[PDB]
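The structure tokens that follow cover one protein chain in two forms, given apart as structure 1 and structure 2.
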Structure 1
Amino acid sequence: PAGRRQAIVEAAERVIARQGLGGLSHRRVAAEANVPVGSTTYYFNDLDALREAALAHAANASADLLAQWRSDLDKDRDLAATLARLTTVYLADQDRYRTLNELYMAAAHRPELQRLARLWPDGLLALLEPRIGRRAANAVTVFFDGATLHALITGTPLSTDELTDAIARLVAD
């Protein structure tokens, strides 16, 4: 039922992650979801709608991560460590971060996506400001962005240790 479209949309995220936004096709997603190819035609108006849903799913998924980030950050007082740990998790889900990055690029010239693209980074900033202050919040989100870019380019994310050091240095004071 609605679990069907769900399976299809998650597969499209997996295909977008593996093949890029332009590498998404009905045939690919149907195989990634393991459903008969026609069935991807039933739940979406066209290929572009399937893309939209995939990016939207990754954007709203990521925003609900904030809840759990907020809880973990509020538990203890070693903020840099906790942030480094949480970032390691984020950069562990390669499918999710790639797709989000595809969103960031896509939104650059498709204003129908600017709202979605802003969800996670707007949320992260807001989460961080009252907890570490504006500049630190700024520097940390920027460093986070860098971390994703380096995981993107080299295939391996910075270690939890490498992250703690850098984040520690950005939040200190």
Structure 2
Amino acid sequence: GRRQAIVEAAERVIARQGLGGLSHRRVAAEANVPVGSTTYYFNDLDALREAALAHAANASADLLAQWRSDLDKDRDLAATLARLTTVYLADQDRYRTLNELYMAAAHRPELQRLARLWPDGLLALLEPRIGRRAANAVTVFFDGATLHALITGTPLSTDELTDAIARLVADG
């Protein structure tokens, strides 16, 4: 499973360095494999960029699908979205990378097609349930919760998330 490990390392490098900071030596180091192995699988770095972004895209798409299932099984939307957000914040395994890739896109336009999958998908998921206005406010708050937690070094509790989300989705 060498190739896959190289692709996932490339995700982590791209999140930290951008598509332009991607190099065989950096990926080799991040995957702890010989540099020559990376050039064998991906001598053309553009092929690695494509593979890495596609891997991230699949993970993003798959995650949103799981959110969809979980939301369909629970009558308390605010509490369910809050628990999902708590898991997302707490995750240290490529949930973290996906989030880092997402924040890297904010000022790296080349990563925005990948990044947009998430807010577009969440809006699509929520709009039929709570309306376009509430779906937008909640997707924005979600972005805030993750960013603010990392910047300030402290997360909102699931209870605090539940309260805020409840406020955003309630009938006016």
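Each residue is numbered by where it sits in the sequence of structure 1, with counting from 1. Between two forms, the rigid core is defined as the largest C-alpha subset superposing within 1.5 Å.
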*Please check if residue 141 moves between structure 1 and structure 2, taking a CA shift of 2 Å or more relative to the superposed core as movement.*
no
_Rigid core superposed: residue 44 CA moves 2 Å or more between structure 1 and structure 2_ = yes
*Is it true that residue 17 shifts between structure 1 and structure 2 by 2 Å or more at the Cα, once the core is aligned?*
yes
*Cα shift between structure 1 and structure 2 at residue 157, which is computed once both forms share a superposed rigid core (Å)*: 1.7
*asked:* So with the rigid core superposed, the C-alpha of residue 166 shifts by how many Å between structure 1 and structure 2?
replied: 0.2
